[PDB]
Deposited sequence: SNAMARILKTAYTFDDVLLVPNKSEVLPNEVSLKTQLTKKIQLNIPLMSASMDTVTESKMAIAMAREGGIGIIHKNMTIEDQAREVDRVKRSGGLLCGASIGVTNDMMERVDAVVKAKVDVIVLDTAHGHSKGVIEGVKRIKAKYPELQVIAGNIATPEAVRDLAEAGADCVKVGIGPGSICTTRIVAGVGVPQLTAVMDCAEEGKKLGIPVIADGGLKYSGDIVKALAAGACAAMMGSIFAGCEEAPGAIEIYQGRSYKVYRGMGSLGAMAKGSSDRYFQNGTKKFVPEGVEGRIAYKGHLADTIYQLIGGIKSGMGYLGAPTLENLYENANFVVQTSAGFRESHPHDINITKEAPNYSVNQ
């Protein structure tokens, strides 16, 4: 019980000397050794976040969407295929460890998915290791993301098993109760930091999944070493996300729930809650704001590229009081900001 772990709100990045203006920087990243994204953002594989429409709009902005799997195998293959024939867009698919597994994989592969994500509550498990070894045995050159994990031991075991990228985050998500009902989890920033570090010794990239709420948070995840950030609530309020529209006190809300929530899984022991976030309009506007945030951050840090950002970033722990100084304070805000609230 000696060691303290930090999440995003716990730290700040120290500005560096910069010869670089924000609209000079390049957010290109390697999602895997083979898959290059233009911007390091991906939409979560949840039934209230990503289907083909969201996945098409992520691809076009430079990112990628991971079509969720809470649908028939044939419907997912249709969603993926819908993305592929909308141009030449990259598309991912979610796969669980099931008796369905390889039929789901065969359908999205033939439908030309670019990357599958074997994601489960506990990526550091015998099922996932065997599942990655099974998939890569059948499809060697296909790209496999394995998650979710929180330790460097977990990185190696999935790298050994053949994953091309690992996905970090047990407990941080906005709709997640894993840490509350199971007691298990690692604060996300320290999780990404430790996993990024072992991932770089091995040649395997890591994704920061969950818990990001502002663009500043993504800068921290990338500075920690993640190759890409994945978000649910940040995208689930967008027009392209599936989700009934609910009305309350003059505002429109989009339904957003955990995949491990009662309503998603339908004696259940859930690991998620169901709720709603405010409608935010079109993805493109949300992406602009996030990219602009990341660019300014790299400007403050003098980083022309994501690699230089990771190599030159210096972190500083702020207290509860610093956290209050960091947010707007002692202001009665009256005009909406596309950046904040």
Can you give me the gaps, meaning deposited-sequence stretches with no C-alpha coordinates, in sequence order?
1 to 6, 273 to 285, 361 to 363
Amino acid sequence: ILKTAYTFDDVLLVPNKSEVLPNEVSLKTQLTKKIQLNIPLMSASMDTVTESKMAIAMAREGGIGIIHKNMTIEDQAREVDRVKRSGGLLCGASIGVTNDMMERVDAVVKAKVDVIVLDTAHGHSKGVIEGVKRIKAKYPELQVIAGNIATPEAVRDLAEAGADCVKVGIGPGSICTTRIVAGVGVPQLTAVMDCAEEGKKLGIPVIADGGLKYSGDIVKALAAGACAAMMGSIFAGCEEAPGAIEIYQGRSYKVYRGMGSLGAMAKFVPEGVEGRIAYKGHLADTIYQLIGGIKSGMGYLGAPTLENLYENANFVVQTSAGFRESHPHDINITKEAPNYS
From here on, numbers count along this sequence of modelled residues.
Compare the mean C-alpha B-factor of 171 to 179 with that of 108 to 116 as given in the PDB entry, and name the stretch with the higher value.
108 to 116
For the C-alpha atoms alone, is the average B factor greater in 205 to 213 or in 96 to 104, going by the entry?
96 to 104
Based on the PDB record, which member of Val316, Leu301, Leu290, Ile64 exhibits the highest Cα temperature factor?
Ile64
Whose CA atom has the top B-factor in the entry, of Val186, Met231, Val80, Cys227?
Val80
Against its chain's modelled residues, does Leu222's Cα B factor rank lowest, middle or highest third?
lowest
Sorting the chain's modelled residues by C-alpha B-factor and splitting them into thirds places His124 in the middle
Based on the entry's values, in what third of the chain does the Cα temperature factor of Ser45 lie: lowest, middle or highest?
lowest
Lowest, middle or highest third: where is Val25 by C-alpha B factor in its chain?
highest
Chain thirds of CA B-factor: placement of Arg156
highest
